[PDB]
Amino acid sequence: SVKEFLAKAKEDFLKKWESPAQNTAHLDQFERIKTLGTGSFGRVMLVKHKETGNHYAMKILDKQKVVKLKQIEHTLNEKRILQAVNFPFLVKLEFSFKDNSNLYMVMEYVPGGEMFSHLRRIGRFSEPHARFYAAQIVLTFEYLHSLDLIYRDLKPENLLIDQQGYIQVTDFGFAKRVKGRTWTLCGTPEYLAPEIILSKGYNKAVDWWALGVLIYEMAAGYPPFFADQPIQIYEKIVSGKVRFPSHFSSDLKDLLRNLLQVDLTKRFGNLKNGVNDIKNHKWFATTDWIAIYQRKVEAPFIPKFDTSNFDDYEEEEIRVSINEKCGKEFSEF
């Protein structure tokens, strides 16, 4: 059963969580090819593992930038959690290591690019197309939450499309293992649940609110709350007054009203029946949850095959200092 599968999933996770993989490669083992994406601490590059010819995506984090942004514990969470998880729609952490200047996380290379890129270019996804992706996120969150993990940064920028058109979730920078509630103000403005904005303390329900935002954005082509400045976005979120495009199906609107619910005792994913309120919802009536997990469903879109599915970014030399930086802070990495 699902409860049985998850219980076993947890046994596997806890072993790796209690005894994390560390120092499993070195920089010179990889040929660096091209930047695939960037972020506050650094960049992610396509690399080739010299000994095997395998391609990977190497995330490079400048330790000093991490410290300046007060993200040490978050970065330790990111690596400890990612090395411990295992799910079909989660990007794999293949190796990790550090040097005097940087932290490195060598992850699975996902060649189809960011959902963000395709969504912006095409404008919006059909409901069946959006549903296909949404189903994968639902299953992924079911898995993560069962391990007491909150993800906290769902958005199209963080969802990569693989060669078969399935999603791979990336960027565990705000992922956290927590029983009960937590308080950090983190995420992306458009995707924040009201309780985060209002400093109320919050739990895994914030991921379900975020799913509502994602589904809305996939199906509309724009998110339910936007404005040129984050402050104005926050004002719209806390009002929770959502308007739906006229092309939204009745079922879709109903699901979204239950996900984008300000009231925590009414928000789908967070009720007595948990994730099953979502899985059994009418909008997902056509969804075969087992077939999705087994990747037996034909994707509504497979990317054209090479890095042309990613934007070009400015490159910079990866300079390593002759002095160790922030050693104590990142001891466990």
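Counting begins at 1, following the sequence as shown.
J.: Between residues given as residue 305 and residue 306, how many of the deposited sequence are not built: none, 1 to 3, 4 to 9, or 10 or more?
T.: Some 4 to 9 residues are missing between them.
J.: On mean C-alpha B-factor from the PDB entry, just flag whether 307-315 or 8-16 is the higher one.
T.: Between 307-315 and 8-16, it is 8-16.
J.: Averaging CA B factors per stretch from the PDB record, which one is higher: 67-75 or 187-195?
T.: Averaging CA B-factors over each stretch, the winner is 187-195.
J.: Tell me which of 175, 138, 214, 255 tops the list for C-alpha B factor in the record.
T.: In the PDB entry, the greatest C-alpha B-factor among 175, 138, 214, 255 is found at 255.
J.: Going by the CA temperature factor in the entry, name the top one among 27, 60, 46, 264.
T.: Of 27, 60, 46, 264, 264 has the highest C-alpha B-factor.
J.: Would you mind checking where the Cα B-factor of residue 102 ranks among the modelled residues of its chain, as the lowest, middle or highest third?
T.: Its C-alpha B-factor, which the entry lists for residue 102, ranks in the lowest third among residues of this chain.
J.: Is the Cα B-factor recorded for residue 42 in the lowest, middle or highest third of its chain?
T.: Lowest third, going by the recorded CA B-factors of the chain.
J.: Considering every modelled residue of the chain and its Cα B-factor in the PDB entry, is residue 201 in the lowest, middle or highest third?
T.: Top third by C-alpha B-factor.
J.: Going by the CA temperature factor in the PDB record, which third of the chain does residue 297 belong to: lowest, middle or highest?
T.: Top third by C-alpha B-factor.
J.: Splitting the chain's C-alpha B-factors into thirds, which one does residue 33 fall into?
T.: Middle third, going by the recorded CA B-factors of the chain.
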